[PDB]
Each structure stands twice: as C-alpha cells, then as structure tokens.
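A quick write-up on the structure given underneath.
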Amino acid sequence: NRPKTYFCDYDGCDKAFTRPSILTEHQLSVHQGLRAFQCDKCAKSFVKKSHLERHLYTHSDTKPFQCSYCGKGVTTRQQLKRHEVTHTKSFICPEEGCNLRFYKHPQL
DNA sequence: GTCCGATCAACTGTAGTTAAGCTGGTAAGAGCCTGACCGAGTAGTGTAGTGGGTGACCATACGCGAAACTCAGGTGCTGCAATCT
Ligand SMILES: [Zn+2]
Ligand SMILES: [Zn+2]
Ligand SMILES: [Zn+2]
Ligand SMILES: [Zn+2]
C-alpha cells in the first residue's frame, strides 16, 4: 500500500522501506551486526520477536502444530502442509493421457 | 642421407602329415532366466531461519464547525432640572 520512501544509505546496499523503524531494524541487523532477542536454551539470537518465538518451540516436545493424520508435531503451517501432503496420493503420471496417481515418488 | 654387397629367409623346384564324420550312448563347453544382495541414483523431503508484506491501531495534522468568554451594546425608568406656560 504505502510507498517505500526510506532508503538505506550504506555502500553497496539497495533496500528501501515503508516506515523508518523498519529501516533501522535493517540497519542494526545487517550493517552493524547486532540482534535483539536471545535463546534461553542455546547460543543463537534473532532479529524479531516472532523469530525467537519459533526458535523457542524447537527446544520442546509440545510443538504448536499437530498432524491431522499421523499426529506428528511441527512448528509452522508450511511444515504441516508439506508433511500432510505426504499423507496424500500427491504424484501424477506425466505421460500423455495416462490416468494413474501415486503416493511415493519412486512408485511413479 | 647414402653407398656397397653380405646375407635370413622370400618365393621358388617336389616328398610325406593334418581334419571331417561315421554307429553310439554320454559328459563336456557355452548358456538362459528367475531369483536374491548390496551399492548407488532419482529426487522430494525435513526442520530451521531471513525477509516481506498485510493488517490493526494510533495520533497527528488541518479545516469546519460548535460552544466558550470577554467586553461593550441597549433598554427604560425617573431624579433632577428648564422650556413653555
Ligand atoms: Zn542496507
Ligand atoms: Zn536455542
Ligand atoms: Zn502427521
Ligand atoms: Zn502412465
């Protein structure tokens, strides 16, 4: 919506941003080499609250997305969708007019 | 590079060693396809992290209108005085 009208000034940086706090998040993270959210359970650190929140689940068994078929736990919707698509007849015969459909790619 | 000509055997006259397949009953080469076993191949997958854009909520800005507040307009009598009598 609103136009990108805050330009990073550093040598060899191309980026422009919508609102000045975001330009500052970029500058402190990329160019100065500082981060604002530390893991309690390992050495790593993160640039956003949502990124530390994802990393915190990785230290735990009670992972926040749970499979509808097998009940395996995962941390975000992309992982869930890819995993659940393995519980489907995903693959299709690529050859002309052939009707068949398959569950594991080596079968196809 | 070439020159001479000696010299192993090239290409030339006849005297004596090699298969192919018959009768068979037979084990011998060379072989075929299903099956099993591990290495490698095809390639989509499993967590995990960087970035971005959407959405909500805010406040900041002007500009028009709404009510506020200040300061001075306006009403009407009559205490006192002056024109007409
Ligand atoms: Zn930059
Ligand atoms: Zn950690
Ligand atoms: Zn599952
Ligand atoms: Zn087919």
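Since every read-out is calculated from the coordinates, none of them should be taken as a lab result. FYI the Cβ positions are ideal-geometry reconstructions off the backbone, even for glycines, and counts take in every protein chain you see.
Miscellaneous remarks
- Across the alpha-carbon set of chain A, the Rg to Rh ratio works out to 1.18, Rh being the Kirkwood radius.
- Approximate spin-label separation A:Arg2-A:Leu100, in nm, with each point projected 7 Å along Cα-to-Cβ: 5.7 nm
- Dipole of chain A computed with +1 at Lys/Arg Cβ and -1 at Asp/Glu Cβ about the Cα centre; of A:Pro20, A:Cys42, A:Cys67, farthest Cα towards the positive end is A:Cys67.
- Linear extension gain, A:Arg19 paired with A:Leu108, 0.36 nm per residue minus alpha-carbon span: 27.1 nm
- Working note: 222 nm ellipticity from helices only, DSSP H runs with n ≥ 4, each -39,500 (n - 2.57), summed and divided by the residues of chain A, gives -6500 deg cm²/dmol to the nearest 500.
- Within-15-Å neighbourhood charge of A:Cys39 [Cβ basis; K, R +1; D, E -1]: +4
- Counting only residues at least eight positions apart within a chain, or on another chain, the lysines with an alpha carbon under 28 Å from that of A:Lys104 are A:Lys63, A:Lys72, A:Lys81, A:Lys89.
- Assigned charges on the beta-carbon of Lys, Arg, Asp, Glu; chain A dipole about Cα centre (debye): 380 debye
- Take every Cα pair under 8 Å whose residues are at least 6 apart in sequence, average their separation, divide by the length of chain A, and the relative contact order is 11 percent.
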